[PDB]
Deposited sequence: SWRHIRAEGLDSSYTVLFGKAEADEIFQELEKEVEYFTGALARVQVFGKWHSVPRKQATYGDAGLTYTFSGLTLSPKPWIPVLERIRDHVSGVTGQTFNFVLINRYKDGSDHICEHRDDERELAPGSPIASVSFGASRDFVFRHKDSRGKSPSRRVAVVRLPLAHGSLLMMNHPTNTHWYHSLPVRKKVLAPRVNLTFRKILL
């Protein structure tokens, strides 16, 4: 069963890949194994200013690729068993294929990611983004671009659960912005993996 999230120019789907016990073990592995960028490679440029990102970020993928957003370029670290395990699985369930993963770790509800689009040039056109989540459940919010105001279109929000998979298809990232807002009452960490298809 897929919760088919749909609206005007919004095409996404949500399912639960892993039960609790497996999801726990994968999370513990991710916590044990994943290496996040620091300093220079953890700062972005937005509205003329540089900031440390209010979370942690890592990139893994096939050598030679790079991903650039908001004035920052990230080079992939070579794949590790646990990420390939997740990629290979996601690929099985979707028939889709991936060469890159951005990992975001939100230590608690005060870590977040601001409203944005994944509109970057180096993503293959048409091809989806695979968002896999572990740890604390957090709210994910979809907001229409012309809502913020020319168009009264409503917001779509859903919890992303421990062991869940959110597919983001086309034209989702051409019309809708997304964010993971601050949730002060959340005390536990969350790890998110956005598997992507990059080219250059």
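What are the unmodelled segments when the structure is compared with the full deposited sequence, in sequence order?
-> Since the structure holds only modelled residues, the one stretch it omits is 149-151.
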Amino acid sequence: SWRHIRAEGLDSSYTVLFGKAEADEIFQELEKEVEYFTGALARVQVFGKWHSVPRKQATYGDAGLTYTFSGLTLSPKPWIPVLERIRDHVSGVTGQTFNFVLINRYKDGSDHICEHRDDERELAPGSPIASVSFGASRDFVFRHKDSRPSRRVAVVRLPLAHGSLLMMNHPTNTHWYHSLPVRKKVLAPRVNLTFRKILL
From here on, numbers count along this sequence of modelled residues.
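Rigid core here is just the name for the largest C-alpha set that superposes within 1.5 Å across the two forms.
Just give me the stretch that moves more in 5 other deposited structures of this protein: 119-127 or 75-83, judged by RMS C-alpha distance after a core fit.
-> Between 119-127 and 75-83, greater C-alpha deviation in 5 other deposited structures of this protein belongs to 119-127.
Is 26-34 or 39-47 the stretch whose C-alphas end up farther from this model in 5 other deposited structures of this protein after a rigid core fit?
-> Relative to the shown form, the greater RMS C-alpha distance in 5 other deposited structures of this protein belongs to 39-47.
Counting the other entries of this protein, is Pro149 left out in at least a third of them?
-> Looking at the other entries that model residues on either side of it, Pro149 is missing from at least a third.
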